[PDB]
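Colleague: Under PDB author numbering, the residue at position 658 of the first sequence is numbered 658, and the numbers go up by one with no gaps.
Encoded as structure tokens, here's the structure I'll be asking about.
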Amino acid sequence: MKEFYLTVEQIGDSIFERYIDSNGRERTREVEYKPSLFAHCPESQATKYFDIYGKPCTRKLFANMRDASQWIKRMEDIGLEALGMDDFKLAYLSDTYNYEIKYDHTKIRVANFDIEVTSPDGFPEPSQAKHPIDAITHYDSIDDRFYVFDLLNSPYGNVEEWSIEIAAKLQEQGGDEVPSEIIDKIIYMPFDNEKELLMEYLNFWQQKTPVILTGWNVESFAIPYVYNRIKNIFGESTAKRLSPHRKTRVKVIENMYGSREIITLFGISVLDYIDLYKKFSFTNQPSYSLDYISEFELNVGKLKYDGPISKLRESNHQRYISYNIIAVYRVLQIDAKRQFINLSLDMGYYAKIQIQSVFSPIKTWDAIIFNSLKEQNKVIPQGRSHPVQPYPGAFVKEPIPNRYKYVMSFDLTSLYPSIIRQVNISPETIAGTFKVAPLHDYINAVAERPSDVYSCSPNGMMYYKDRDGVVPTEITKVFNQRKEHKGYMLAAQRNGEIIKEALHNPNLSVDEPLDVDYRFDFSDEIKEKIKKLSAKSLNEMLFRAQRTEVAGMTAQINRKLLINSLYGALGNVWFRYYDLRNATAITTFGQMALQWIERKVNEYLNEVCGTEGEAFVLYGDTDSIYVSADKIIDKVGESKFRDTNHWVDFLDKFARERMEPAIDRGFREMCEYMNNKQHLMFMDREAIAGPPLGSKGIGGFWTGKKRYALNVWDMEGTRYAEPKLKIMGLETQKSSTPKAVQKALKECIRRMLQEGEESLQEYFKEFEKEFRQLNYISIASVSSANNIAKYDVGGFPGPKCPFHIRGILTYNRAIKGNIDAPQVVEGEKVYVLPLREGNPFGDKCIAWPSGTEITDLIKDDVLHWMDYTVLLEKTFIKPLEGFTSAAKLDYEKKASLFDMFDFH
DNA sequence: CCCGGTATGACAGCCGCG
DNA sequence: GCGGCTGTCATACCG
């Protein structure tokens, strides 16, 4: 097989690489790497190396990496540019792997582990690590085994051995429901003291040194706790043995609020799944504890235990160990469904970077462009310390707060990457500048044509049309690769169809699966002598066709992620190819494009309806526009459609045949007016919105910018049998809103758009009488807890103290002394509840750590003292009025008409 | 060392309030 | 104070 890397590090004047060799073995090597950096030279001096601007450069080979870094330092002092890759690790990978990397994940040791630490006095801080580690469950992907280390004797109790027999039994048979899938794969190792346990795990660690280290909160707790515990007991030198290169660095992660420290293990790529989930899941959650996420993803219920956490090992050591094994397994169960590790591997080897850096879109792109330019014998620019300044952004239309019965949305495809290609925006394609008129004047096409020869942006930027931009070339590649992997995936789908028919008429003799590539579809010469073969062989041919099918999609998704991350990289001052004027050009063009087409959609729909000056486009956000279809329906009349599906079909056919060409014609004009390189402003129909036919529903409503609800029947030519609610920005789509309220508001919204005013009033009136009977967790608001110490004056609220913080300072007075009680960690979110006047606290709200039941120490009183009326008025009624006043609806029987005016 | 725009809740300075 | 209008911070959303 072709060789590939695992981890890369720079220690002094030598790089340390762990890799898989040509024969499958995991090997390690030290290289006195000889880097190269580039500098400007005279024209007469001949080389093959040029920079992105076209200027000539000379290659300067250094004896060692220190000489290379000391040289850049000198170039800074005198005021000249030092060209080339200054991250010598990256340059090493590029040299040693100067080809498309193909990796075998089976060879990659992916370890995920969780530790248990019994701590009677609150949370065990990892920096001190003063409490014994009484359990370690470590899973090795190559071994496919769970390695369990269980401390039997500690200051906090002596326990019997854990029973794998009992851990297999049912929950009603004696607890612990460790699944049959993993019961065979557990290796259990008991220990008499802590020193024996830690020294064995460290020996185990040498034998099975992880390439990828994963788990939940592994980098902020498990790693630094294990490291510090070993260190404090045995010494620095024993603790540094966790690194295969025997080197560890303490890194202090700094925020603007709440600081912590992490342990870097050189030669190990740590992918903490919590951070991995927070990045790629693209959905905000009320709690980021493992139990809440397992609940969401796997549907699997609560991993319950009796009593507190600190007394679980003492009271039920049997469950304690099982709880730890399953915790590891639930992370393994998620990665089986989301595949976030294989995704970050596939992204890492593509860009030729160390895997940890996939948390940085900056580092990823910096290396994708680097590799392509190096292939052309081109030299990358120097990192330039740019100052921070917030440039303009996207256009947002202020909508008139009203009801909207029929709506058709239209969306642009990958707007910002598309702009970059269309205008040919790159740091090295800046042709010049022109004097600009107000944006409005470019939107209505009254401002004079910017340039006859150059591609233009409304902010004044001109770009060459004849050049091939470094940025646009590299994004078109990813765009072509996305398009190419459709060709491979859909080919396997066409080949997979004639397998159930191939197995329907078989003839068995000998298993003969012919070795052919599944990425390219078979011809009539291959299809003929492939269905007359054996029945047993067709099973493996389908197995490999599906293996290739998913493999095409996996690579396809990794390209869209790369597509959507480019703009964000170009807007960051730390990016190598960052240019303020370029970012503004990308963004301001979008502002114009959206408002241009809005101006063209209105002009068109006025011609075909025989009216003038009517506003059809109600709302437009960044890349999408929303068209009021009311008058299109009113043109042919509502009482001429037979069913709901009939008018939806009409608006679909109208967009396809009449509107889309009008849109396309308008953007072509915008391309010529701007004199752009290529027309790539493609806009297509998104959602058709409205109420059921012959119903009292309102179809949809806006309340303001980024706050609307629609009843959608069709999304991009996909007809829903039962209509879906597309609510955006409203209280139902916010993690700050209580769970029972979240569902009750959505029902109110549902009754508004589909059923009418009568139904809303019927639902609200009933919800009034039957409110206090619901769950207290489902009626508690969620908010992040940042800067608690900022407003903390002796446990009391200081100047301008927030409402969620006012609950934490009420919490601290409630649990004063009790260290058995749970603590509020900064950053971690909190459940907020309001309590009426005369309460036994001081203030008017209390808050507790989100994702859990509130402690029994204060649940006695809080559940009694909390005012539902205030909680109803603040989280349900006040938002409800927001919807109704905008929709021109009433939730209550008799609300006077005159109580809507602002008056004197 | 992923982008800017924009909402709601909540508190606090400030101006006119017989 | 009693409300009104407005600047401010904290938070969380939309692309």
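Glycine is no exception: its CB is placed at the ideal position from the N, C-alpha and C atoms.
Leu542 lies in the alpha helix (DSSP H); which residues open and close that run?
Modeller: Your numbering for residue 542 matches position 542 in the first sequence. Element bounds for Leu542: 538 to 570.
Colleague: If you draw a straight line from the alpha carbon of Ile166 to that of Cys845, how long is it in whole angstroms?
Modeller: Counted from its first residue, the first sequence places residue 166 at position 166. Counted from its first residue, the first sequence places residue 845 at position 845. If you take the alpha carbons of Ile166 and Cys845, they lie about 45 Å apart.
Colleague: Along the chain, where does the beta strand (DSSP E) containing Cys671 start, and where does it finish?
Modeller: Numbered from its first residue, the first sequence carries residue 671 at position 671. Run containing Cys671: none in the beta strand (DSSP E); it sits in the alpha helix (DSSP H), 660 to 674.
Colleague: Measure from the alpha carbon of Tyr454 to the alpha carbon of each residue in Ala445, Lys465, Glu448, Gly460, then state which is nearest.
Modeller: Locating residue 454 in the first sequence gives position 454, where the first residue counts as 1. Taking only the C-alpha atoms, the option nearest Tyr454 is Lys465.
Colleague: Please state whether DSSP places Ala222 in a helix, a strand or coil.
Modeller: Within the first sequence, numbered from 1, the residue matching residue 222 stands at position 222. Correct three-state label for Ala222: helix.
Colleague: Pull up the DSSP beta-bridge partners for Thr58, would you.
Modeller: Numbered from its first residue, the first sequence carries residue 58 at position 58. Answer is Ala39.
Colleague: Taking the runs of the beta strand (DSSP E) that are 3 residues or longer, which of them lie wholly in the segment 437 to 510?
Modeller: Those beta strand (DSSP E) runs which fall completely within the segment 437 to 510 and span 3+ residues are 461 to 463.
Colleague: Roughly how many angstroms lie between the CA atoms of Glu428 and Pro472, to the nearest whole one?
Modeller: What you label residue 428 is simply residue 428 of the first sequence in a count that begins at 1. What you label residue 472 is simply residue 472 of the first sequence in a count that begins at 1. Taking the straight line from one Cα to the other gives about 11 Å.
Colleague: With DSSP as the reference, label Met408 as helix, strand or coil.
Modeller: The count along the first sequence starts at 1 and reaches residue 408 at position 408. It is a strand residue.
Colleague: Helix or strand or just coil, what does DSSP make of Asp861?
Modeller: Here residue 861 corresponds to residue number 861 of the first sequence, with the count starting at 1. In the structure shown, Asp861 sits in a helix (DSSP, three-state: H, G or I).
Colleague: Grouping DSSP H, G and I as helix and E and B as strand, with all else coil, what is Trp848?
Modeller: On the first sequence, residue 848 is found 848 positions in, with the first residue counted as 1. DSSP places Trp848 in strand when its eight states are reduced to three.
Colleague: Of the residues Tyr391, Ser180, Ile443, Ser289, which one's Cα is nearest the Cα of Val825?
Modeller: Position 825 of the first sequence, counted from the first residue, corresponds to residue 825. With distances taken between Cα atoms, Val825 lies closest to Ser289.
Colleague: Would the beta-carbon of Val478 fall within 8 Å of that of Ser457?
Modeller: Against the first sequence, residue 478 aligns to sequence position 478. Against the first sequence, residue 457 aligns to sequence position 457. The answer is no: Cβ separation not under 8 Å.
Colleague: Nearest-angstrom Cα distance between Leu760 and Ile274?
Modeller: Counted from its first residue, the first sequence places residue 760 at position 760. Counted from its first residue, the first sequence places residue 274 at position 274. One C-alpha to the other measures close to 41 Å.
Colleague: Nearest-angstrom Cα distance between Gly690 and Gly613?
Modeller: Here residue 690 corresponds to residue number 690 of the first sequence, with the count starting at 1. Here residue 613 corresponds to residue number 613 of the first sequence, with the count starting at 1. Cα-Cα distance, rounded: 24 Å.
Colleague: Taking Cβ to Cβ, would you say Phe395 is nearer than 8 Å to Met683?
Modeller: Translated into positions along the first sequence, residue 395 becomes position 395. Translated into positions along the first sequence, residue 683 becomes position 683. No, these two residues do not count as a Cβ contact at 8 Å.
Colleague: Mind checking whether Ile268 and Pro210 have CB atoms under 8 Å apart?
Modeller: Translated into the one-based positions of the first sequence, residue 268 becomes position 268. Translated into the one-based positions of the first sequence, residue 210 becomes position 210. In this structure, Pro210 lies closer than 8 Å to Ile268 by Cβ.
Colleague: Would you kindly work out how many angstroms separate the C-alpha atoms of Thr28 and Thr554, rounded to a whole number?
Modeller: Mapped onto the first sequence, residue 28 falls at position 28. Mapped onto the first sequence, residue 554 falls at position 554. If you take the alpha carbons of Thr28 and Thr554, they lie about 30 Å apart.
Colleague: Under 8 Å by Cβ, that's how I've got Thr644 and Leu693 pegged, so tell me the actual separation to the nearest angstrom.
Modeller: What you label residue 644 is simply residue 644 of the first sequence in a count that begins at 1. What you label residue 693 is simply residue 693 of the first sequence in a count that begins at 1. That pair is a contact at about 5 Å.
Colleague: Starting from the Cα of residue 970, find the closest Cα among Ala135, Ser94, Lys107 and give me that residue.
Modeller: Nothing about residue 970 can be reported from this structure: the residues present for the chain run from 1 to 904 only.
Colleague: Give me the Cβ distance between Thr548 and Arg313, rounded to the nearest whole Å; I'm assuming they're in contact under 8 Å.
Modeller: Here the question's residue 548 lines up with position 548 in the first sequence. Here the question's residue 313 lines up with position 313 in the first sequence. About 48 Å; that fails the 8 Å criterion.
Colleague: Using the Cα positions of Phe767 and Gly882, report the straight-line distance between them to the nearest angstrom.
Modeller: Working through the first sequence from its first residue, we reach residue 767 at position 767. Working through the first sequence from its first residue, we reach residue 882 at position 882. Each residue's Cα considered, the two are about 18 Å apart.
Colleague: Could you compute how far the alpha carbon of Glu528 sits from the alpha carbon of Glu501?
Modeller: What you label residue 528 is simply residue 528 of the first sequence in a count that begins at 1. What you label residue 501 is simply residue 501 of the first sequence in a count that begins at 1. Straight-line Cα distance between these residues: approximately 13 Å.
Colleague: Taking its Cβ as the centre, do 16 or more other Cβ atoms sit within 10 Å of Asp150, making it buried, or is it exposed?
Modeller: If you number the first sequence from 1, residue 150 lands on position 150. By the neighbour-count rule (16 or more Cβ atoms within 10 Å), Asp150 is buried.
Colleague: Classify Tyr329: buried if its beta carbon has 16 or more other beta carbons within 10 angstroms, exposed otherwise.
Modeller: Here residue 329 refers to the residue found at position 329 of the first sequence. Under this definition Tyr329 is a buried residue.
Colleague: Taking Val617 as part of the beta strand (DSSP E), name the residues at either end of that continuous run.
Modeller: Here residue 617 corresponds to residue number 617 of the first sequence, with the count starting at 1. Residues 617 to 621.
Colleague: Is the CB-CB distance between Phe340 and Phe280 below 8 Å?
Modeller: Here residue 340 is taken as the residue at index 340 of the first sequence, counted from 1. Here residue 280 is taken as the residue at index 280 of the first sequence, counted from 1. Contact: yes.
Colleague: Going by C-alpha distance, which of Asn495, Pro417, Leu542, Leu503 is nearest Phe522?
Modeller: Stepping through the first sequence from its first residue, residue 522 is reached at position 522. Among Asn495, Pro417, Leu542, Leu503, the Cα nearest to that of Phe522 belongs to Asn495.
Colleague: Once DSSP output is grouped into helix, strand and coil, what is the label at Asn153?
Modeller: Counting from one through the first sequence, the residue named residue 153 turns up at place 153. Three-state result, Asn153: strand.
Colleague: Give me the DSSP bridge partner(s) of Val110.
Modeller: The count along the first sequence starts at 1 and reaches residue 110 at position 110. For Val110, which the question treats as bridged, DSSP gives the partners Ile212.
Colleague: Closer than 8 Å by C-beta to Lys893: which residues in its own chain qualify, once you throw out the five before and the five after it? Chain order, please.
Modeller: Within the first sequence, residue 893 is the residue found at index 893, counting from 1. Excluding sequence neighbours, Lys893 sits near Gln761, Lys765.
Colleague: Based on DSSP bridge pairs, tell me the residues matched to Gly432.
Modeller: Here residue 432 corresponds to residue number 432 of the first sequence, with the count starting at 1. According to DSSP, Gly432 bridges with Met462.
Colleague: What number of angstroms, rounded off, separates the C-alpha of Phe359 from the C-alpha of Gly383?
Modeller: To locate residue 359, count along the first sequence from 1; it is residue 359. To locate residue 383, count along the first sequence from 1; it is residue 383. In a straight line, the C-alpha of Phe359 is about 20 Å away from that of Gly383.
Colleague: Report yes if the CB atom of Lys352 is closer than 8 Å to the CB atom of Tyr97, and no otherwise.
Modeller: Position 352 of the first sequence, counted from the start, is the residue given in the question as residue 352. Position 97 of the first sequence, counted from the start, is the residue given in the question as residue 97. Contact flag set, yes.
Colleague: What is the rounded straight-line gap between the Cα of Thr737 and the Cα of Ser781?
Modeller: Taking the first sequence and counting its residues from 1, one reaches residue 737 at position 737. Taking the first sequence and counting its residues from 1, one reaches residue 781 at position 781. Each residue's alpha carbon lies about 5 Å from the other.
Colleague: Cβ atoms of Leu93 and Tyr391: under 8 Å apart, would you say?
Modeller: Sequence index remark: in the first sequence, residue 391 carries index 391 (1-based). Sequence index remark: in the first sequence, residue 93 carries index 93 (1-based). No, these two residues do not count as a Cβ contact at 8 Å.
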